[PDB]
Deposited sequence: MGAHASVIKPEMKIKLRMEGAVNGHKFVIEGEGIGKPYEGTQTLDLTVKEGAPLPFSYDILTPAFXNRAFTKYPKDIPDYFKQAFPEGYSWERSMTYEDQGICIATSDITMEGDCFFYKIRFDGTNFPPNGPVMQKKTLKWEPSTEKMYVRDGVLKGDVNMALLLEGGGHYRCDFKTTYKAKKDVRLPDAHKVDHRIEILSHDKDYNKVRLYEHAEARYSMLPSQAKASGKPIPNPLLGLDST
């Protein structure tokens, strides 16, 4: 009876601004929600060439794509067909700051995202505006219930040209549009990578792998 199929497509639109520079990016893709994998093809529709590291955007481009075990309730799959939304704050070690939101809906075999992204106070000679980032390091997100919704906190870091890192504190609130069975505290391990890009990142292929797990055995 589950509306979330073994293969689901993705259509999205991001509108945002980083240090005053406006942009629109549209996306289409496909993934395997029960295997926690997905690939997206992303195109800059307005604001090309982007004057900032693409990597600050990539975690904004759906925890429905997470391999959940049967003994951890799946907040995100239970949320469909009606859907869910998330709001995220991202605080970098050099006082760069981003806020992002996504409204996630579904029609047939396809997820639809409307994403808003805003970033400011990135230093002109830092790694974001000089485009010195290489990739996000693999991460572990702590998932926990507060105020009847799901919170996620994750320590994130971009590897930089030269082998250094650029750290970020991510805090997310996930809000389903209907009553669902809430999980106990658990973790989600993530890997995200740009598989391919053109020169100015006007065209980007993006892959994510996410799996949920307990950090402690259930209560006895």
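Residues of the deposited sequence with no modelled C-alpha atom fall in the ranges 1-4, 66, 226-243.
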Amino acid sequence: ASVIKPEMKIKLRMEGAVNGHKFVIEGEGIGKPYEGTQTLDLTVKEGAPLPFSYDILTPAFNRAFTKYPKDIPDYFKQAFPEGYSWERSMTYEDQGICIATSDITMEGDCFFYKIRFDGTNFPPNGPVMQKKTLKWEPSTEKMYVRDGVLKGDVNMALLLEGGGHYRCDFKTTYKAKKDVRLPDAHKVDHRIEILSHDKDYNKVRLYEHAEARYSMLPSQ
From here on, numbers count along this sequence of modelled residues.
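In this entry, the higher average B-factor at the C-alpha atoms falls on 211-219, of the pair 4-12 and 211-219. A summary of the deposited B-factors shows that, of 86-94 and 101-109, the stretch with the larger mean C-alpha value is 101-109.
Sorting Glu28, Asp55, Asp189, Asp153 by the CA temperature factor given in the entry leaves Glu28 at the top.
When the CA B factors of the chain's modelled residues are split into thirds, the value for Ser139 lands in the lowest one. Among all modelled residues in its chain, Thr173 ranks in the lowest third by Cα B-factor.
In this PDB entry, the Cα temperature factor of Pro51 sits in the top third of its chain's modelled residues, the highest group.
Residue-level temperature factors show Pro59 in the lowest third of its chain, judged at the C-alpha atom.
Among the modelled residues of its chain, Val128 has a C-alpha B-factor that falls in the middle third, as given in the PDB entry.
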